[PDB]
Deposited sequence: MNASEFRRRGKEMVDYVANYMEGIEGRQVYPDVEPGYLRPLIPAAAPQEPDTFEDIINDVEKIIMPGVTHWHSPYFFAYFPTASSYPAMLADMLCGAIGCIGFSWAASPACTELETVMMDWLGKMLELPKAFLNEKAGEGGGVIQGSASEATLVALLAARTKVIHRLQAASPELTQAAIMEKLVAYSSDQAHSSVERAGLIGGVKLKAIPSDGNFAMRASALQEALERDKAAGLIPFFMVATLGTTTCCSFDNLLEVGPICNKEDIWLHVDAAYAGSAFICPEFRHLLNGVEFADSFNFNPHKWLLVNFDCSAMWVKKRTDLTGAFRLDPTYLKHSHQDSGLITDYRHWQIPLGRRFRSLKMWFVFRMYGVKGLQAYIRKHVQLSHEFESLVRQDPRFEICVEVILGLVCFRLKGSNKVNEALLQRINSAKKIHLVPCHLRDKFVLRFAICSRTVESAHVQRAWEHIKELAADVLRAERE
């Protein structure tokens, strides 16, 4: 098709999109289709002549929609929020026109990482605006980022021990290397240790599911005693399981003095640190060698955006593609800092709403302190009761919740995710959960 025809149809698709979004509340979030429903609906071969746009869009409604998961539904309460903003869509559009994989890309990235750095109020050591030795950079995921960090640290320690002891071979050194994370850390850490070919050990967390000084130091002594070599440690701010926070201020100086590279994975919670109410949870970065979080989670930049800063950017070269700063730029300019702060606080509020609806009911309990946007709750009593509860919910198909385990407790996770969630939805949700609970607790007397 020619330019002029894209105009008619692009604008049409813009309308089609807006509609889908405006009416999204109406859709059953999860698909109920029987395998192989699709093939009969689509012809055996490609068409010789072009089809009409009318026919194709109809077909998107009739054929594709029924078979897709609508995660932008405000009724999606699983995992963590996944960024989808209209400003990013507009960027993707432009970005599709230009194409990408020169200087505007690299430069807007550096400057955007500086914008974001100033927002999270990071130590100047991570910022390269005033000529600093460190800087920011966009990765595809927290996981990739953690890997990039593990491998920079690996390279580092090798270059150190070899400088001080030339006779020493790479193979012989990596045999000894040990890395760390909290027992609450994310799989991406294990992934990294295996790719990086080193040993990974978990530190036991405390009753707030946080890594502390004493526990980390036990570990280190234990492994140094056996001749192993600490080189890398990941600290999680906003664990996947229950949004708990490693004690960065306790752990930072330890890592420093033990010549252990400290990476802070803040993939979800990191977004909230642009609000002064939450910035303190980040106190400690001072000590970190690298810091990462996912704007494509809670900062409205559409997927593929992961933000990482390092104290020494040449440390990073040791590890040896797209135009993502454009999205960031659009999102930041189209919302402003204030608007972003509001986005965050609106979720946090709604999470506290749900929280206090649960407390208020003598039958339930909160399991972890509710810090920001995730609620870990439970029906008082047996696990089995709560596995029963989650079944009912997940079977009813109105909402969907993801259980986790906290030591020995089975726990239900409610997560404020979507861009358009209001107080109304959260309430509707809690109704549904509470009907189903009473049902369960009544089938408990039989």
What portions of the deposited sequence, indexed from 1, have no corresponding C-alpha atom in the structure? 102-107, 327-354
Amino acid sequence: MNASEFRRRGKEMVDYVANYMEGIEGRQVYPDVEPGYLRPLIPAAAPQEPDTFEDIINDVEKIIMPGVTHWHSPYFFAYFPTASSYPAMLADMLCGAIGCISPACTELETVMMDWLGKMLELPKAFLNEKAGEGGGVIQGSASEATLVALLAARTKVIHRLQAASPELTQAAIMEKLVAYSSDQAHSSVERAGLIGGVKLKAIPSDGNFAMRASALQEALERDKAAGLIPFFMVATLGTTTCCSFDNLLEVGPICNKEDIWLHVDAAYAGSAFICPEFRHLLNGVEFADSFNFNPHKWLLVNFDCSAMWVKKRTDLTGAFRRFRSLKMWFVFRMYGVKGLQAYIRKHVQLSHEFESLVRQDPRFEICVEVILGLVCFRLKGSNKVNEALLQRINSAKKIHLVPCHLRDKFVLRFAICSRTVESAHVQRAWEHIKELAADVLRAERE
From here on, numbers count along this sequence of modelled residues.
Per the record, averaged over C-alpha atoms, which has the higher B-factor: 280-288 or 168-176? 168-176
Residue stretch of maximal mean CA temperature factor, 223-231 vs 180-188: 223-231
Among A210, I158, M89, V337, where is the Cα temperature factor highest, going by the PDB entry? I158
Among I195, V331, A319, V111, where is the Cα B factor highest in this entry? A319
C275: CA temperature factor from the record, placed by chain third, in the lowest
Report the third (lowest, middle or highest) to which the CA temperature factor of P50 belongs, ranking only the modelled residues of the same chain. middle
Thinking about Cα B factors across the chain, which third does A131 belong to? highest
Chain-relative CA temperature factor third for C105: highest
Which third of the chain holds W71 when residues are ordered by C-alpha B factor: lowest, middle or highest? highest
